[PDB]
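**Student:** Sharing a structure with you now.
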Amino acid sequence: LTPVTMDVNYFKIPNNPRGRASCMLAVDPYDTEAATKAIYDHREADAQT
Amino acid sequence: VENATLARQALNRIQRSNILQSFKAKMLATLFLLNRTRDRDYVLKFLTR
Amino acid sequence: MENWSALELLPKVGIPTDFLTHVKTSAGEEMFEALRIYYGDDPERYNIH
Amino acid sequence: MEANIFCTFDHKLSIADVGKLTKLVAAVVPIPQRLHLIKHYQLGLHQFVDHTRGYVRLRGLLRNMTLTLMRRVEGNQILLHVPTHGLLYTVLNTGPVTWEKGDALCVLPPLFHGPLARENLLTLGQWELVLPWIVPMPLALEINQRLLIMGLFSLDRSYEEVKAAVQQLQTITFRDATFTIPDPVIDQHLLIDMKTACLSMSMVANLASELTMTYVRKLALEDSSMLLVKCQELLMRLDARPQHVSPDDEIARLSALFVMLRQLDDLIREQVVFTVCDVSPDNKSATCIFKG
Amino acid sequence: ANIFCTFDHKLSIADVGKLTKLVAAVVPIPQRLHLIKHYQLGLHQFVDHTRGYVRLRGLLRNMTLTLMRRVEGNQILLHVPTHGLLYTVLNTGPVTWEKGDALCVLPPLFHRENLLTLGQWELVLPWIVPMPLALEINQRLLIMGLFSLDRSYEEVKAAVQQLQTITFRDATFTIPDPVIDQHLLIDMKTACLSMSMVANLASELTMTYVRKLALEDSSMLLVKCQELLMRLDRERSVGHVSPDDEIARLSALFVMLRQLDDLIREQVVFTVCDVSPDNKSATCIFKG
Amino acid sequence: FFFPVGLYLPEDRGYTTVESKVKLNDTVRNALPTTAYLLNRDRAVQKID
Amino acid sequence: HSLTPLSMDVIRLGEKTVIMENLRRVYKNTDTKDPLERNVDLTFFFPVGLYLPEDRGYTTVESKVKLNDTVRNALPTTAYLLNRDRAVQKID
Amino acid sequence: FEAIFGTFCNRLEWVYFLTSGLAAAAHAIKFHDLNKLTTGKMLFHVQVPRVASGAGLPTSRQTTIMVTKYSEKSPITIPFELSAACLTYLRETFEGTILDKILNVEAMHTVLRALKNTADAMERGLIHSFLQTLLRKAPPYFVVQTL
Amino acid sequence: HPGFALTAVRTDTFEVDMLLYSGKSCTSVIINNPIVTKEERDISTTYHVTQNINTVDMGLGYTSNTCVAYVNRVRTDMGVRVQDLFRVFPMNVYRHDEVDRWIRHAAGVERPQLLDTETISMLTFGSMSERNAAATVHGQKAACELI
Amino acid sequence: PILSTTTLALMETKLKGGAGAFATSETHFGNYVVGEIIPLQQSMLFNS
Amino acid sequence: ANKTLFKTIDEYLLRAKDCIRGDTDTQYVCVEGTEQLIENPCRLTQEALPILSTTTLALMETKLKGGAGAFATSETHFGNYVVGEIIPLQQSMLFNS
């Protein structure tokens, strides 16, 4: 499911379908805290947007 | 091989971010090589690379 | 456990070893399964028991 | 007297343990006696480490203990070397604490860390060469300050409040590491330290210059800044010319106040043992000058 | 343990003479590499119009100290003094020395003849003064920091005038103010407010912690502490807390103590033993 | 692959760039889509609403 | 006053000949960066909220786009940019 | 049993200054007693080309202006290290058995390798410093083509 | 529309490699034989080697030209993330504490909750105020400043 | 992303277009086209 | 910095450069002498370059549809505009893939 207001431009380029990017080659290696903050914590901004 | 000469240490966040960008672009550029292009010069360059 | 002292003391084959990336870059990013690095002259190799 | 110390083992040694010994060269180990020849039982901190007697007791024992560097170790002969003041030495760090150029080093009992192993290295059946942590000044004085604050706060409080207080207080992060104090216990040692701290704070409250009590408030009337917002926020929970002024009185009062502060200060300060000027790019060893 | 230093600028005959005339002075360098540039030589790399005198003391505490005695060709030879050895040192401050005294290093407060200037970079050396003079100077500057916040009423200006002049053996020094354009520079304000808040916070916390310690082995010291606290409260007054708030106050007091550690513990750098009409120079044993 | 169905675009910032290439009659069924059209592995046209 | 014959590549152009040298062979597997791989900074500036005079208002695009007759389109309250990768990037 | 199929070493390439093409931009001179100097002076006779002018137009009188250039210094530094055991087995040779000779030759070879590596480091540092000075002297394309 | 216009300025950093031409014998280098300096310690000894090479420029006008040859990557993200002035000017506060807290709550900037040596050092002089990003997919965050 | 449209009109326009028409992701008032990145259905599966 | 042409240009070669540490995810000032300084032609020119920007998604979409150099034109609508990229930078970098 997806909110009615989701940005159409999100679908015009290859993006993560879950709405938040977790291309974990960018996150620091072996840093579980940083990886979980990147994937879930919404008090910090997304990546690639 | 293209990013070979920049990193002389464990990759900085910016360096591996550039590596990830190159990964994605080069993956999408050549995913099905012979189907999309059939120039003799281009295929020769791809093979020599 | 590997005994690097035996490797350093014994006569070695001279190969023109070279690769696309950097020695420290591949070492830090774990291309090699087991590795030992020191940053100077190390007296540990000299003693034999 | 002795520039050389010879330690010998009662046990037969395996070549794996000999390799570990020859790897541990240039590390720091503590000695109780500063003597010519000692058995291997009285080497290291496994002798003293009863976790029931908490971190304060072990810190007090270790700061009286003397230090030595490791050397020409071979089969059943260790040959430790005691460094003298002022010379340049090579010392290998063993804790996970990152060393950066220019920092002064302090000796403390080892703390806990994330990988939860504690690595029961060098177990000779029962004896186990537990080796201390060599820590730069900010983190070590942070340990001391947090222990003193722990003792000062914890008195006359229930375990429920103290649970959250220690869960926030016991955990320290320094250069993005994660450490926690092993054993906070209220011994007579910490109680006497708190007695000294309370007397010092009372004296600084008593003899302090009369204007230094109100300088903060005059500045708050003068200024409005984030630093000063926090300063006022601290004092807020209990919230023109001076009719006289005499420089000699202020000089004497501030000299006394500095004496009292220096009395209170070294309850947290640790006598520096090493000052670094070198670093291996792998943080595994550094060159240092010794302080005694 | 020797260090070579090279000038990027262009030297000259009288320039070299001025450089060499400080034959055995002490120069502080940031970190001891074998080869360094002239920009690192001296305090010129640290000073600015916004900081104030206090920082130079704290940065001098962690900056490595070094003795200089040669002028080679395009580079200068430096030697790091080691503990327990004796060395020949110059007298560079406004003071005169005497045998057996201890020496401290201070930022220079008064000055032209020292000025080896090359491209508006200046060889500003620190001060070598005996420990009592260092303590007196630091205490008077810190006091004059307090008098700056009022500074309007006539008796305060008279007091500030009196602090500015300090008399030592066979000399009198015109110590400058720590404030310019009636503004107090930032580290001076920070240390002054930290000391004042340390005193103020201790005044509040002492009662609660003397009560909490009294439930332990009650003694005469705590009784006298309580009596002094009531006396202080009576004199001041005529003019269940959350654990985290209490811990915040305690940690704030302790960290405010830490910021003031630089100036209280005046460290010794040398001890003198030679008497001279040659007073320009003296021989010293090194401490550190 | 990922694709949306049934998104609503902002009416306040609505726009078109194809008025010179296509035209539809005024009908709310056209204005508010409830369907997405797609291709097969063949070039057939497919429906999913 | 003595010379040693060594071989390199030479380019010929404009009646002068120039030696070609790739210094990559010197800086391999070492800590120090090759100085010939330089970084370059360029400064970019762009407006947002900029009002256009309506007495001299004009269009040169009417055949390509048309907009809903809304007040939000009349006032350019937001701007759009491209990222390091070619996607739109909205600023407000 | 376990198997060890070989021990390998890196026969790293050597680099020299006057063997490279970069030396063509340079003009190399050796001067052992540089450390006695605190100045470098170079005098040029850059004679000016000029054109005979008309009746009485103002034109230059002068020939052979004598501008002087000063030397810019750029020392290069690199450390190499030896351990106490290496010196013990190098100089205080033991008349003992074959293992002592093994350690002797190992110390001799490590000193040889350290010296050769330091020499190659000096060569590469000279190249690096010269290229740094060239870069700091050379203006970009647009300005020079404008001039 | 607030009633005023904003014009942003941003810096983007590229990774480049350059081509430089140099003139034959454009500058002359004067070198001495390398000099060694010893520094002896207990476990290991270190030898410092230095060479006082200096250069004399022998060019009337510029003799070397640099070109910005080929670029392949942009280090920055070319983003629109504006500059956080609350990080740049941390000392400032509104005169009224309620107003200050409400404004800092609306701007989404965290107020320091407790005193520590780090916050005092940052307020007085400065420090690494803005932490590393969580995932940093798009390179280096560009400082997009607003006037 | 894969070529899909909210109406058959834009599908007819895409079928009318020449080589490489699938990569453009134009929109209408309430209708839009999303474009594919790789020329999968343009030439990749058929090529003949 | 106002000096002779030769002096101002050789100063621009010498010191008129920026430095930014390439470690942090954001632009901090480099520590003196850490890594090579970054040269900046705009510092000598004292000009800022324009970057492709638009105030409506219609014109941005039109630029994306225009497959041959459309980024370089600065056409506009009623109160809506695009600012063309005067340097063909976006298509130059993306060529590398």
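By convention here, the chains of the structure tokens are called A, B, ... in the order presented, each chain's residues are numbered starting at 1, and ligands are numbered starting at 1 in the order presented.
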So which residues touch stretch 17-28 of chain G within 12 Å, counting only C-alpha atoms, skipping near sequence neighbours fewer than 4 positions away, as a ChimeraX atom specification?

**Tutor:** /B:4-8 /C:18-25 /G:6-13,32-37 /H:12-17,19-25,120-121,123-128,131 /I:17-24

**Student:** Skip residue F:20 itself and residues of its chain fewer than 6 positions away, then list as a PyMOL selection string all residues within 9 Å of it, counting only C-alpha atoms.

**Tutor:** chain G and resi 63-65

**Student:** With N, CA and C atoms kept, could you save the residues just selected as a PDB file, in the first residue's frame?

**Tutor:**
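Produced file selection04.pdb, reproduced below:
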ATOM      1  N   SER G  63       3.180  26.640 -26.655  1.00  0.00           N
ATOM      2  CA  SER G  63       2.897  25.448 -27.442  1.00  0.00           C
ATOM      3  C   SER G  63       3.414  24.181 -26.782  1.00  0.00           C
ATOM      4  N   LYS G  64       4.266  24.298 -25.763  1.00  0.00           N
ATOM      5  CA  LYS G  64       4.872  23.113 -25.168  1.00  0.00           C
ATOM      6  C   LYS G  64       4.200  22.704 -23.861  1.00  0.00           C
ATOM      7  N   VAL G  65       3.898  23.656 -22.977  1.00  0.00           N
ATOM      8  CA  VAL G  65       3.233  23.349 -21.717  1.00  0.00           C
ATOM      9  C   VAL G  65       2.080  24.319 -21.497  1.00  0.00           C
TER      10      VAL G  65
END

**Student:** What's the 8 Å shell around stretch 12-16 of chain A, counting only C-alpha atoms, without same-chain residues fewer than 6 positions away, as JSON, numbers by chain?

**Tutor:** {"A": [22], "G": [87], "J": [1, 25, 34, 35, 36, 37]}

**Student:** List as number ranges by chain the protein and nucleic acid residues near stretch 35-38 of chain B, meaning an atom at most 10 Å away when only C-alpha atoms are counted, but skip any in the same chain fewer than 4 places from it.

**Tutor:** B: 29-31, 42-43; J: 38-40, 42-47

**Student:** Applying 9 Å and only C-alpha atoms, which residues near residue E:75 remain after dropping the ones on its own chain fewer than 5 positions away? List them as a PyMOL selection string.

**Tutor:** (chain E and resi 4-7) or (chain H and resi 35+38)

**Student:** Keeping only N, CA and C atoms, take the residues you just selected and write them out as an mmCIF file, in the first residue's frame.

**Tutor:**
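As written to disk, result_7.cif reads:
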data_model
loop_
_atom_site.group_PDB
_atom_site.id
_atom_site.type_symbol
_atom_site.label_atom_id
_atom_site.label_comp_id
_atom_site.auth_asym_id
_atom_site.auth_seq_id
_atom_site.Cartn_x
_atom_site.Cartn_y
_atom_site.Cartn_z
ATOM 1 N N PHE E 4 65.461 20.868 12.912
ATOM 2 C CA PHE E 4 65.910 21.879 11.966
ATOM 3 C C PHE E 4 64.704 22.651 11.446
ATOM 4 N N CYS E 5 64.847 23.972 11.341
ATOM 5 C CA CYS E 5 63.758 24.851 10.928
ATOM 6 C C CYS E 5 64.228 25.757 9.800
ATOM 7 N N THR E 6 63.453 25.807 8.718
ATOM 8 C CA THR E 6 63.807 26.551 7.516
ATOM 9 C C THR E 6 62.835 27.703 7.292
ATOM 10 N N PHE E 7 63.374 28.866 6.924
ATOM 11 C CA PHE E 7 62.543 30.015 6.585
ATOM 12 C C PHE E 7 62.149 29.985 5.115
ATOM 13 N N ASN H 35 74.390 23.772 2.734
ATOM 14 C CA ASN H 35 74.063 24.072 4.125
ATOM 15 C C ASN H 35 74.895 25.209 4.705
ATOM 16 N N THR H 38 72.614 30.863 2.861
ATOM 17 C CA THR H 38 71.322 31.373 3.315
ATOM 18 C C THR H 38 70.778 32.327 2.243
#

**Student:** Can you pull out every residue from stretch 3-87 of chain G that DSSP, working from the backbone, puts in helix (DSSP H, G or I), and format the result as an NGL selection string?

**Tutor:** :G and (23-25 or 71-74)
